[PDB]
Amino acid sequence: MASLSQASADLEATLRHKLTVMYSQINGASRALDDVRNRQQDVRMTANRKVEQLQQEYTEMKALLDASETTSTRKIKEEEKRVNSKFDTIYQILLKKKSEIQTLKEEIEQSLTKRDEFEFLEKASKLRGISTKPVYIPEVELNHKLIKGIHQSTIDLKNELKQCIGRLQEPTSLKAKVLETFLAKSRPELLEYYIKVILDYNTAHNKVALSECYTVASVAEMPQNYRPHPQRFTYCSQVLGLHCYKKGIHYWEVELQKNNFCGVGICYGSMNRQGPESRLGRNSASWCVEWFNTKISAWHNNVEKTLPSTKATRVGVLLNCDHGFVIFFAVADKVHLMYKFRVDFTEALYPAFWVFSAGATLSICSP
Amino acid sequence: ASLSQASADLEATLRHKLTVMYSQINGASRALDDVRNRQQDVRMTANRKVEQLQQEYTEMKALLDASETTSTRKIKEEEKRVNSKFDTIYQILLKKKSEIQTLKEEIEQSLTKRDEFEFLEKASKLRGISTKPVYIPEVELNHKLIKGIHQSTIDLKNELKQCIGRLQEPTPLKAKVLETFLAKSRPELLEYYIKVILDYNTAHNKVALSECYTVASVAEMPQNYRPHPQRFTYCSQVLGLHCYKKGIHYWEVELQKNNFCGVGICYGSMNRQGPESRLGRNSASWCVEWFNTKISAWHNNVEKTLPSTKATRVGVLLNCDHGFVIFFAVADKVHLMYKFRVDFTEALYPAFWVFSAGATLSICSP
């Protein structure tokens, strides 16, 4: 209700005020980007420290077996040396008795040579009395019971160890023509335009649980208590994708377990996140398909198209920003058709997801 | 009363013994081989039972290499789980950055043309835009799981320690030289040492032999060795393996429970049977003897009742070159028990007697 230079100034002044805050927002993000990569290294070392902590503990056990291994071996070589040393003795005992009898042999063999003599009789009359006797070796048996007992205890230790290792591990003219082409395509042709959808933790409602590198959304039993945020849903149990699309062709698949109270779709970034109006299908900025008591319905702007119920529980969604259509498919083996929308879109679209029945779960597919 | 017939009656029965002695000697030669073969027989049985354990321990070593990698995989999975979520959240933050970077440039572009009237119009829509700062959610590493693996691995170490214990616990001028030798010290006497070996042929049925045949002791039951001419039948005696007729010799004997036992020397000719075989009671045996802890030197049924002594190691010295045998008492120093001055007729074997159920004679090898 005024002038030029003052309006130019009233703009310019409050305009750069936001620019100066955006610097500190962006540098506030840049710090958080660094904190994450630092925190990855922080964990990477904590892994190695707990691994090296086990590499010690296993080497302690490995050395304990090297003790017992030598300790049982010593025992066997002692029993070996005991017996083999007795043979080294008995060999010497026999050896003496041999050369003893070898002498009396030669004493007789020498005396026989001179049978010229009369005193052949005299020199051998004393030799009549000598009478040698044969050698003998006593009972030298190796202790089998002791050596079989060690082996048996060592066999027992192997199957005692096996027991305890288990106890560790066990516990329009062009536009319409292109639509028809895409409507008739097969699963491999649709998968050429794939993009890995990522869930956004900013967007997820308090009772929506996110997991598996933020690719699995499900119903929470308790409120998860995320931070308050403008982009977070306050009324309805909803969550959005990370990336939005205004140019090109896109496709993604979603697996829906316990298909009872859940829904998949697309949404403009402008859609309000708060109040009952934020609910998907009930405004001008959201197109989706939805299950309610296992009855399939396509929704947009408070309008219900009650569809035929289907077997499949993998929903493939295709989007064409170049021409202007979004298509919903049912996938079990083949590609069945659920519904389509013919729209020239105003702005970029984020993928959109809803889940309500305590059990339902939406998962991004990457085949 | 004839020559050639006596020469023949000798010659005939003489070579009969010679021909038997061949078969005796070849009968020994076989036994010499049997022993050395039986040593090898045991030596392989040792290695086979050792190699049998070397397998069994390596089986256990590999079992730990499995669990070691199996628990490590589990930790690296929990690492990758968390680090992959950061790789996501980095991309989530990255989008929110460039999102706000755009609206910055949209505003920075619009400021340049403040010449225009439509500076107001083109930035009136830009008034409403309001960016908000980033946030990182709770990404905490599962400590309970990693401490639990470590605790079970600590438990396995002390479970193993338990069972390694269960392996090992259940298996539990003549006159002038005499005087010189009489005055010698223990190191000088030990220069003429010879390791005495007991002879199993000689030992009486109630005399037990052990420790590579160097320890004689009283048997409780009759040991029932083979019958042999050289074995004692009456008295509890045993002799040495080697006999000595030339040179100087020495040996030490430890006598536990010195009550009814005795040490000495003996000629090979001594008869082993009957009461006469007893050591000290004939012309072929010299010895020292304990009877009710009273020391006596004996030879040919003659007693010299000596002074009782403290020591229980008897050192015996023999001099075949000159002709004397000496008995010493040894505890720390070398005390003298008795001597014999004899020009010996033939070679001497060391000789030993034990009778009190408990007494034990052991050869010392310092």
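Chain B is numbered as in Swiss-Prot, which gives 189-360, 436-629 for the residues shown.
So this one's X-ray crystallography, 3.6 Å, going by the header.
From the backbone N, Cα and C atoms, a Cβ is placed for every residue, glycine too.
Swiss-Prot lists B:217-307 with the feature coiled coil, giving sequence analysis as the kind of evidence. Residues or ranges marked as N6-acetyllysine by Swiss-Prot: B:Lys273, B:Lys567. Residues or ranges marked as phosphotyrosine in Swiss-Prot: B:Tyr278.
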Could you round the CA separation between the residue listed as 'phosphotyrosine' and B:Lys567 (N6-acetyllysine) to a whole angstrom and send it over?
108
Translate the DSSP assignment of B:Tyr278 (phosphotyrosine) into the three-state scheme.
helix
Can you name the modified residues among B:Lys273, B:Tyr278, B:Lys567 whose Cβ is less than 8 Å from some Cβ in chain A?
B:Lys273, B:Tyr278
With the cut-off set at 10 Å between Cβ atoms, which of these modified residues ends up with the most neighbours? Options: B:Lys273, B:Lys567.
B:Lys273
Give me the count of other Cβ atoms within 10 A of the Cβ belonging to the residue listed as 'phosphotyrosine'.
16
Tell me whether B:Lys567 (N6-acetyllysine) sits in a helix, a strand or coil according to DSSP.
strand
